[PDB]
Every structure is written in C-alpha cells, then in structure tokens.
Amino acid sequence: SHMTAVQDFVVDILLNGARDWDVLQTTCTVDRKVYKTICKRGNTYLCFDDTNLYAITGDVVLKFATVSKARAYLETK
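Residues numbered from 1 in each chain as written, not as in the entry; some residues may be left out. Heavy atoms only, no water.

**Student:** So what exactly am I meant to see when it comes to a nonpolar patch on the surface here?
**Tutor:** Nonpolar side chains collect at one region of the surface, where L14, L15 and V23 lie side by side and expose about 260 Å² of accessible area between them. Within the fold, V23 resides in strand β1 (residues 22–23). (Patch = residues over 30% accessible without salt bridge, like charges linked within 9 Å, V, L, I, M, F, W, Y side chains within 5 Å. Areas by Shrake-Rupley, 256 points an atom, 1.4 Å probe, with all protein chains shown as cover. Salt bridge = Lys/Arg side-chain N within 4 Å of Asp/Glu carboxyl O. Helix = DSSP H or I, 4+ residues; strand = E, 2+ residues; numbered from the N terminus.)

**Student:** Mind showing me how you'd approach the packing of aromatic side chains here?
**Tutor:** Here a ring pair, both rings aromatic, is described through the centre-centre distance and the interplanar angle of the planes. What the rule picks out here adds up to three aromatic pairs. Ring centres 4.6 Å apart and planes at 50° place the aromatic pair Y35 and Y54 in the tilted group. Residue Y35 is located in strand β3 (residues 33–41), and its partner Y54 is located in strand β5 (residues 53–57); the two are separated by 19 residues in the primary sequence. Across this residue pair, the class does not change: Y35 and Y54 are buried. Here the aromatic cluster, defined as three or more aromatic residues joined through ring pairs, consists of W21, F64 and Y73. Across the ring face of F48, the terminal group of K36 is positioned such that the distance to the ring centre comes to 3.5 Å. (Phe/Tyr/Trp six-rings, centres within 6.5 Å; stacked < 30°, edge-to-face > 60°. Buried < 20%, exposed > 50% of the residue type's maximum accessible area, 1.4 Å probe, protein only. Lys NZ or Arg CZ within 6 Å of the ring centre and 35° of its normal.)

**Student:** Would you mind going over the state of the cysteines with me for this structure?
**Tutor:** Formally, a disulfide is one covalent bond, and it connects the sulfur atom of one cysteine to the sulfur atom of another. Summed over the entire model, instances satisfying the criterion amount to zero disulfides. Not engaged in a disulfide, the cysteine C39 finds its nearest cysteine sulfur in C47; these two sulfurs lie 8.1 Å apart. Judged by relative accessible area, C39 falls into the buried class, the value being 0%. For the unlinked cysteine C47, the closest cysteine sulfur is that of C28, found at 4.6 Å. (Disulfide = S-S within 2.5 Å.)

**Student:** Please clarify how the nonpolar core should be interpreted in this entry.
**Tutor:** Generally speaking, a soluble globular protein has its nonpolar side chains buried in company with each other. In this structure, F9, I38, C39, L46, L53, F64 and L74 are the most contacted members of the largest nonpolar core, which totals 16 residues. Going through the elements one at a time, α1 (5–14), β3, β4 (44–48), β5 and α2 (68–74) are the ones with two or more residues in this core. With four residues, the single largest contributor to this core is α1. Of all hydrophobic cores here, the second largest spans six residues; its members include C28, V30, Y35 and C47. (Core = buried A, V, L, I, M, F, W, Y, C linked by side-chain atoms within 4.5 Å.)

**Student:** Hey, could you run me through the pattern of salt bridges in this one?
**Tutor:** Any two side chains of opposite charge can pair, given that their charged atoms come close. Scanning all chains against the criterion turns up two salt bridges. The closest approach of N and O atoms between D12 and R71, which form a salt bridge, is 2.9 Å. A residue pair is termed long-range when its members are at least 10 positions apart, and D12 in helix α1 and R71 in helix α2 qualify at 59 residues. Put simply, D49 and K33 hold a salt bridge, and the shortest N to O gap is 2.8 Å. Placement of the pair is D49 in the loop between β4 and β5 and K33 in strand β3, with a sequence separation of 16 residues.

What follows is the structure, given as structure tokens:
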C-alpha cells in the first residue's frame, strides 16, 4: 500500500470537492521541499506527499500522522 489511503483521500477534494475549501491544484514550497496542494481555504493550503498530508498554513508545514487527519482538519479550521 501507499497510493491507497492518500489517493482516495485526495480525490475526495479533487473530483468530489471539499468542505468550504477552494479546490486548487497548485504545489506549495516549504521546509526546502515542495508539497502538492489539493485545496485552499484562506491562508491555508492542504497538501500531500507519498506518506501522509500536511497543512501549510501560509509558511507553516504541519505534518498529519495519517491521511484521514487532514479530512477532519478540513471541517476544523
């Protein structure tokens, strides 16, 4: 598994559409790394890598321990 949980999560924004977030296909740059956003709400950009998700709040990378964490983030701030 890898493109399993991450995948299925990402399309819930990508085709199916988020919560109150804009559905943005851009990639963000933080931590001297680039992360792929799915969706933007305000100053926040929810992004994923090979492993898990991160919220980038402006310049603030916030690694989730899961993919499903970012789903419950999308309804919570």
